file query.cif (mmCIF, N, CA, C and O atoms)
data_start
#
loop_
_atom_site.label_atom_id
_atom_site.label_comp_id
_atom_site.auth_asym_id
_atom_site.auth_seq_id
_atom_site.Cartn_x
_atom_site.Cartn_y
_atom_site.Cartn_z
N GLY A 1 104.56 105.38 101.34
CA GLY A 1 104.09 104.18 102.03
C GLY A 1 104.84 102.97 101.56
O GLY A 1 104.79 102.62 100.37
N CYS A 2 105.52 102.31 102.48
CA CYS A 2 106.36 101.19 102.18
C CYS A 2 105.66 100.00 101.60
O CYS A 2 106.28 99.20 100.94
N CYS A 3 104.40 99.88 101.82
CA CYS A 3 103.66 98.80 101.25
C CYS A 3 103.50 98.95 99.75
O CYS A 3 103.57 97.97 99.01
N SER A 4 103.37 100.16 99.31
CA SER A 4 103.26 100.47 97.88
C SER A 4 104.66 100.46 97.23
O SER A 4 104.80 100.64 96.01
N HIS A 5 105.66 100.26 98.05
CA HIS A 5 107.05 100.14 97.63
C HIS A 5 107.44 98.68 97.69
O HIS A 5 107.66 98.17 98.78
N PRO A 6 107.53 97.98 96.56
CA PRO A 6 107.91 96.56 96.53
C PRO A 6 109.19 96.25 97.34
O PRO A 6 109.26 95.23 98.03
N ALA A 7 110.16 97.14 97.29
CA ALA A 7 111.42 96.95 97.99
C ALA A 7 111.27 97.12 99.51
O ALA A 7 111.79 96.33 100.29
N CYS A 8 110.51 98.13 99.93
CA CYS A 8 110.39 98.45 101.36
C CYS A 8 109.34 97.55 102.00
O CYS A 8 109.33 97.33 103.21
N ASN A 9 108.49 96.99 101.16
CA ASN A 9 107.42 96.08 101.56
C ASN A 9 108.02 94.88 102.27
O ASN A 9 107.54 94.43 103.31
N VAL A 10 109.12 94.42 101.71
CA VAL A 10 109.84 93.25 102.18
C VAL A 10 110.38 93.45 103.60
O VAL A 10 110.40 92.51 104.40
N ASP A 11 110.78 94.66 103.94
CA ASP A 11 111.39 94.87 105.24
C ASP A 11 110.39 95.31 106.30
O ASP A 11 110.76 95.53 107.45
N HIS A 12 109.14 95.41 105.92
CA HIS A 12 108.08 95.70 106.84
C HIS A 12 107.06 94.56 106.88
O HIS A 12 105.93 94.73 106.42
N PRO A 13 107.40 93.39 107.48
CA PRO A 13 106.48 92.23 107.50
C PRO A 13 105.33 92.46 108.47
O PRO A 13 104.32 91.74 108.46
N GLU A 14 105.50 93.45 109.29
CA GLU A 14 104.55 93.85 110.27
C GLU A 14 103.46 94.73 109.66
O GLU A 14 102.37 94.83 110.19
N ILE A 15 103.78 95.36 108.54
CA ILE A 15 102.83 96.27 107.89
C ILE A 15 102.31 95.61 106.65
O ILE A 15 101.10 95.50 106.43
N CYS A 16 103.23 95.17 105.87
CA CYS A 16 102.95 94.57 104.61
C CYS A 16 102.97 93.06 104.74
O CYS A 16 104.03 92.43 104.74
#

call {"tool": "encode", "arguments": {"input": "query.cif", "output": "structure tokens"}}
result
Amino acid sequence: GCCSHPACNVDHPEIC
């Protein structure tokens, strides 16, 4: 889950 991923969190502003 990209939200639990600090790096991937950034590229998913729609989720995170």

call {"tool": "atom_distance", "arguments": {"input": "query.cif", "atom1": "atom N of residue 15 of chain A", "atom2": "atom CA of residue 2 of chain A"}}
result
9.0 Å

call {"tool": "residues_around", "arguments": {"input": "query.cif", "residues": "residue 3 of chain A", "least_positions_apart": "5", "cutoff": "6 Å", "atoms": "only N, CA, C and O atoms", "output": "NGL selection string"}}
result
:A and (8-9 or 16)

call {"tool": "axis_aligned_box", "arguments": {"input": "query.cif", "around": "segment 4-12 of chain A", "padding_each_side": "8 Å", "output": "lines of an AutoDock Vina configuration file"}}
result
center_x = 107.5
center_y = 96.6
center_z = 101.7
size_x = 24.5
size_y = 24.1
size_z = 27.4

call {"tool": "select_by_dssp", "arguments": {"input": "query.cif", "residues": "chain A", "states": "alpha helix (DSSP H)", "output": "number ranges by chain"}}
result
A: 6-9

call {"tool": "atom_distance", "arguments": {"input": "query.cif", "atom1": "atom N of residue 1 of chain A", "atom2": "atom O of residue 13 of chain A"}}
result
15.4 Å
